[PDB]
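I have placed the structure first, in the form of C-alpha cells, so that the comments after it can refer back to it.
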Amino acid sequence: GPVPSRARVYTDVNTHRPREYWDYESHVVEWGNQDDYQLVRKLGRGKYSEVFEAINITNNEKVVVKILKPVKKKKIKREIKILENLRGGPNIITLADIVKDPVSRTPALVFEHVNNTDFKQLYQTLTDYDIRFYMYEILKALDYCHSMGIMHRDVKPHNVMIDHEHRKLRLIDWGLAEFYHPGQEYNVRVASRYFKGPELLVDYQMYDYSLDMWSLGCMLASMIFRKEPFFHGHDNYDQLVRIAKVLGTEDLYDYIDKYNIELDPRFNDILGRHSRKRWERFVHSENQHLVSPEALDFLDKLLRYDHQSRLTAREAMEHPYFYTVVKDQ
Ligand SMILES: O=C(O)c1cc2cc3ccc4oc(C(=O)O)cc4c3cc2o1
C-alpha cells in the first residue's frame, strides 16, 4: 500500500462548503439563448471540444464559443460548475453564457474574448521583466483556484492566454480541473506530457494542488532557459527519465521510498543512474539575460519530486524573484 498524502494548504476547503459547491453531478445548468451568438471562424479542435470565434449580436461584442463533445459526459457539469465557482477570480477566464448548440445538440460555453493570443507564441521572446510579470499573474490565478478547492491539472502555455498590449493574462480550459478532497484518489492521466508531474509519472493517485506548481515550474524553465519543452520525453516513461537526468535518480528513489511507491519495472532497463545537475548547466550566452540567482532559486523550489516540498502558489508570490515586479497600484 502507498503512504497517504494531503495538501499542506487549503486542505479542507470543500469539506466546509455546502454540498452544492462541489457536488457538480447535481448541478442544474441554466441555459441562455443560442440565437444571441453567430459563429464567425473556427479557431481550434481539441480532443474534447471545438472552439469558435463568434459575435454576440445583443452587444456586437466578440466572443469565444467552445462546443463541448467529451467522451466522459460527467466532465460537462464538472467544467461548468468549476467555471461558475471561479467566475470573477483574478486572471480566471469568465464564463459569459451556456447555450445548447442546435447542430451538435450539446452545451456550448461562451467566454469573453482574449485578443488574440497565447503565449506559446510569445513566451519564447519575452524580456526578463516580462517573464516575472506574467509568472506573477499566473500565480494569482492558481492561488485563487487552489484557495477555492480546485486544481487546474492542465497548466501549459496553450492554456495561458495573453493580451500583451494591455498586459492582461487569463488561465483557460478548465475541462480537466477537479475538486480537491483530502484522501481522494485521482486519475493520473491528466496534464500534457511535458508538463506532467512526477506523481503522475509514477502512478501516485493521491496528489493535489501542488501538481499545478510542477507544471508551472516546467513553464518557467522553458522560458528562462529558452528550451521548449524543458523536459522533452518521447512518451510518459521517457518523460520521467528526462526529469531524472536533471534532478537525479537518488532524489527520485527517495521520493518513491517516502510514499512507499514502487516504480513500474519498465524503468529498470531505462532509468539508469543520474546525478543531480546544477542549474547553471542550462545557462548559455543566448539565455543568460533571463537567468538570475533569484530565478534559479525560485525554479529549484518548484521543480521538486516531492509534491509536498514544492512552493505553494502563495509562497511563490512571496519569492525574491518578484521583488522587481511593480505591484498594483
Ligand atoms: O486564435 C486562436 O487560435 C485562438 C484564440 C482563442 C481565444 C480563446 C479565448 C478563451 C478560451 O477559453 C478556452 C477554454 O477552453 O476554456 C479556449 C479559449 C480560446 C482559444 C483560442 O484559440
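Its Cα centre serving as origin, the chain has a Cβ charge dipole (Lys and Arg +1, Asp and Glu -1) of approximately 560 debye.
Annotation: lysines with alpha-carbon distance below 18 angstrom to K168 (same-chain offsets under eight excluded): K62, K120, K140, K156, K327. Label sites at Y323 and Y129, each approximated as a point 7 angstrom past Cα along Cα to Cβ, lie 1.8 nm apart.
Calculated [222 nm] ellipticity per residue, helices only, for the chain: -8500 deg cm²/dmol; basis is -39500 (n - 2.57) per DSSP H run with n ≥ 4, divided by all residues, nearest 500. Quick one: if the Förster radius is 35 Å, what FRET efficiency do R41 and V71 give, using the C-beta to C-beta distance and rounding to 0.05? The computed FRET efficiency comes out at 0.85. For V3 and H158, a Förster radius of 41 Å and the Cβ-Cβ distance give a FRET efficiency of 0.75, rounded to the nearest 0.05. Computing FRET efficiency as 1/(1 + (r/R0)^6) for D257 and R19, where r is the C-beta to C-beta distance and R0 is 56 Å, gives about 0.90. Evaluated with a Cβ-only charge set (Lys, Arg +1; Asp, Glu -1), region 151-260 carries a dipole of roughly 480 debye about its Cα centre, given to the nearest 20.
Sorting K66, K74, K100 from the fewest to the most surrounding beta carbons within 10 angstrom yields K74, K100, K66. Taking the DSSP beta bridges with both ends in the chain, the antiparallel portion is around 95 percent. Take the Cα of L122, step 7 Å toward its Cβ, do the same at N236, and the gap between the two points is 3.3 nm.
When only the Cβ of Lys, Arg, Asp and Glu is charged (+1, +1, -1, -1), the dipole of region 235-320 relative to its Cα centre reaches about 140 debye. Expressed as a whole number of Å, what is the distance separating the alpha-carbon centroids of region 221-276 and region 89-103? Value for the Cα centre distance between the two parts: 38 Å. With everything on Cα atoms, drop me the angle between helix 74-86 and the longest principal axis of the chain, reported from 0 to 90° to the nearest 10. Taking Cα atoms only, the helix is inclined about 90 degrees.
Computed from backbone phi, the HN-Hα couplings of region 249-254 come to 7, 4, 5, 5, 5, 4 Hz, rounded to whole numbers (Karplus: 6.51 cos²θ - 1.76 cosθ + 1.60, θ = phi - 60°; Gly and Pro given as x). Hey, what did the chain get for relative contact order, percent, Cα under 8 Å, at least 6 apart? Once divided by the residue count of the chain, the mean separation gives 17 percent.
No lab work stands behind these numbers, since they all come straight from the coordinates. Reconstructed Cβ throughout: ideal geometry from the backbone, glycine too, with neighbour counts over all protein chains shown.
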